[PDB]
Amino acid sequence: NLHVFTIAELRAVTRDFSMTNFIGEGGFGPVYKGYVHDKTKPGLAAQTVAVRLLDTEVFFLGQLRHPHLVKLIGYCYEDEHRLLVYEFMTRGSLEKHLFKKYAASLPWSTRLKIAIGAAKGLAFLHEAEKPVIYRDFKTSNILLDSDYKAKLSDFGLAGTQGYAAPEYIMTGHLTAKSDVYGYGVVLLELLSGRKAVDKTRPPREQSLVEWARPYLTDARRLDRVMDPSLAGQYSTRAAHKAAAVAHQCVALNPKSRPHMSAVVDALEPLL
């Protein structure tokens, strides 16, 4: 289900790629904010979009449709340019909200909903006809809509930050379990409110994974890891189960890490 756009249409959509509509340029290329009006494409509702200038694969991407995957609306191939048109995620990436000092906009139930939605999207990608695996799955791959519903971005386009599973750093072999490790790191970020690696913290606290691991089996000392801004919003039972899910996902042994569908099944009851 993909619309084909010309560059002329995308100039209308992005106000000729105006400097004001540029929102950033990561590893996969620049992204511009835009708008499709009701008349822009037959059968396409008016909406805000994100246009990536990428730096037959698109037909497969168009099949990866799921409530927790950012929708690919269409594409444009012209004069050696390859552009992708996605639904615009109104609240942007999870790290903008989570790495705030307090992250008071993300109460416990919202963080659980984000964790569950991201797990559902990753399980869908891993269970696809051709398994879709990230090279660098991290917090910024989770984008948020106006309801803080989580949807995964940059799927199918493919360790200093701390999201790379240790065996992947050493070998570079892409496996679904490497994504599960990164998911576990993000879950620890959601539980703790802390970035995965923060060199300004004391040496033993720099790595969120290395520092939190001994505490994830200690229910009476789990409060040291939990975000202080969440105090009073969670039961110890729910916090310890979520911590145990994260603990399993960041297991040094990849065979210990769960399938993402099992992560969904373990986290959904906490809501």
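Note that residue numbering follows the sequence shown and begins at 1.
Count the deposited residues lacking coordinates between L174 and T175 and you get none at all.
The modelled chain breaks between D55 and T56, where 10 or more residues of the deposited sequence lack coordinates. Remark: stretch with higher mean C-alpha B factor among 87 to 95 and 180 to 188 is 87 to 95. Averaged over their C-alpha atoms, the temperature factors of 99 to 107 and 112 to 120 are higher for 99 to 107. Highest CA B-factor among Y32, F28, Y234, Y35, as stated in the entry: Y234.
Taking the PDB entry at face value, the top CA B factor among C76, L152, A158, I73 belongs to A158.
Among all modelled residues in this chain, the alpha-carbon of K138 has a temperature factor (C-alpha) in the lowest third. When the modelled residues of the chain are ordered by their C-alpha B factor, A8 lands in the middle third. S18: CA B factor lies in the highest third for its chain, per the PDB record.
When the modelled residues of the chain are ordered by C-alpha B-factor, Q63 sits in the highest third. The deposited CA B-factor of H259 belongs to the middle third of values across its chain.
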